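Asker: Below is the structure I would like to discuss, written out as structure tokens.
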Amino acid sequence: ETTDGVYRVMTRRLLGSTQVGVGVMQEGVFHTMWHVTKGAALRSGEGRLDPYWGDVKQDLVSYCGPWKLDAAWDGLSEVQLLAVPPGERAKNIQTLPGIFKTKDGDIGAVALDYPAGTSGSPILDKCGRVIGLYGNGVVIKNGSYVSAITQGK
Amino acid sequence: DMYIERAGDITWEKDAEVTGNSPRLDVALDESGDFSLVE
């Protein structure tokens, strides 16, 4: 299935069928985070998806083609995390992102804590454009999880 | 073998639950893509 939208990344190698992450299908390219697939190939029905580009530091990987997601957080408006937890239905969660302040610039961050099956969930702007992926971040002194809004180029 | 299955559309829902606060953190990113607090 090459139908644009968000997908679950499942594996039938552990116990039963486990959900290891989430991905986005857009312009015939599947986008997810590196730590989810570790560059491994993906099966979509009878067809096979081969890795095309990846970067461990960015924790991103694309299949079937180059990174296609270009939207970025405007730094002001609220966003929606389309969280796809394993075994549960996709739910849109609205929030105002924080900021990751690094030596190479600032990156948006969302203070939403979700299970391990959720890495790769897309983060959307008001116009439905994917501005990043959820699943790579930090836990702060209180124990709350804060994920960076990881977007490619 | 890993495989993918569709989960839904990428669309903004007008009446979505709003939660999560908005922290500003100083972080560092290592070569292995891991984030770390700097202060």
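The values are calculated or read from the model by the stated rules, or taken from the named source; these are not laboratory values. Heads up, the Cβs are rebuilt from the backbone with ideal geometry, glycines too, and the neighbour counts pull from every protein chain shown.
Asker: Can you find, within the range B:2-26, the residue that is nearest to A:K101 (Cα to Cα) among those that are in contact with an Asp or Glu (Cβ under 9 Å, 6 or more places away or on another chain) and among the charged types (D, E, K, R)?
Answerer: So, considering only residues that are in contact with an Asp or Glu (Cβ under 9 Å, 6 or more places away or on another chain) and among the charged types (D, E, K, R), the one nearest to A:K101 (Cα to Cα) is B:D26.
Asker: Continuing with the same structure: Condition check: within 17 Å of A:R129 (Cα to Cα) and either free of Cβ contacts under 8 Å to residues at least 40 places away in the same chain or away from chain B (no Cβ under 11 Å) (or both). Does A:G28 satisfy that?
Answerer: So A:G28 passes the test.
Asker: Mind listing whichever residues of the range A:13-25 are surrounded by fewer than 19 Cβ atoms within 10 Å (Cβ to Cβ) and either in contact (Cβ under 8 Å) with a residue 60 or more places away in the chain or not assigned by CATH to the domain that holds A:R48 (or both)?
Answerer: Matches in the range A:13-25: A:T18 only.
Yes/no per residue for (1) more than 7 Å from chain B (Cβ to nearest Cβ); (2) without any contact (Cβ under 8 Å) to a residue 40 or more places away in the chain; (3) under 19 Å from B:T19 (Cβ atoms); (4) touching an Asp or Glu at 6+ places or on another chain (Cβ under 8 Å):
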| residue | (1), (2), (3), (4) |
| --- | --- |
| A:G105 | yes, yes, no, no |
| A:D113 | yes, yes, yes, no |
| A:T118 | yes, no, yes, no |
| A:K141 | yes, yes, no, no |
| A:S144 | yes, yes, yes, yes |
| A:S147 | yes, yes, yes, no |
| A:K153 | yes, no, no, no |
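Asker: Inside the range A:120-131, can you point out the residues that are more than 9 Å from chain B (Cβ to nearest Cβ) and either surrounded by fewer than 24 Cβ atoms within 10 Å (Cβ to Cβ) or free of Cβ contacts under 8 Å to residues at least 60 places away in the same chain (or both)?
Answerer: Those that are more than 9 Å from chain B (Cβ to nearest Cβ) and either surrounded by fewer than 24 Cβ atoms within 10 Å (Cβ to Cβ) or free of Cβ contacts under 8 Å to residues at least 60 places away in the same chain (or both): A:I123, A:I131.
Asker: Any idea which residue in the range A:1-20 is farthest from the chain's Cα centre (by Cα), counting only those that are more than 9 Å from chain B (Cβ to nearest Cβ) and under 25 Å from A:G128 (Cβ atoms)?
Answerer: A:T2
Asker: A:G28 - would you say it is of a type outside the set (D, E, K, R), more than 23 Å from A:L124 (Cβ to Cβ) and more than 13 Å from the chain's Cα centre (by Cα)?
Answerer: no
Asker: List the number of the failed condition for A:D106; all other conditions in (1) surrounded by fewer than 19 Cβ atoms within 10 Å (Cβ to Cβ); (2) of a type outside the set (S, T, N, Q); (3) closer than 28 Å to A:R12 by Cβ hold.
Answerer: Unmet for A:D106, out of (1) surrounded by fewer than 19 Cβ atoms within 10 Å (Cβ to Cβ); (2) of a type outside the set (S, T, N, Q); (3) closer than 28 Å to A:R12 by Cβ: (3).
Asker: Please determine, by comparing only the residues of the range A:36-83 that are among the hydroxyl-bearing types (S, T, Y) and exposed (fewer than 15 other Cβ atoms within 10 Å of the Cβ), which one is farthest from the chain's Cα centre (by Cα).
Answerer: A:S77
Asker: Kindly indicate whether A:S77 is of a type in the set (S, T, N, Q) and under 20 Å from B:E5 (Cβ atoms).
Answerer: Here the answer is no, as A:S77 does not meet what is asked.
Asker: Kindly indicate the residue of the range A:50-71 that is part of a strand (DSSP E or B) and facing chain B (nearest Cβ under 10 Å) and also nearest to A:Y7 (Cα to Cα) among those meeting that condition.
Answerer: That would be A:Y63.
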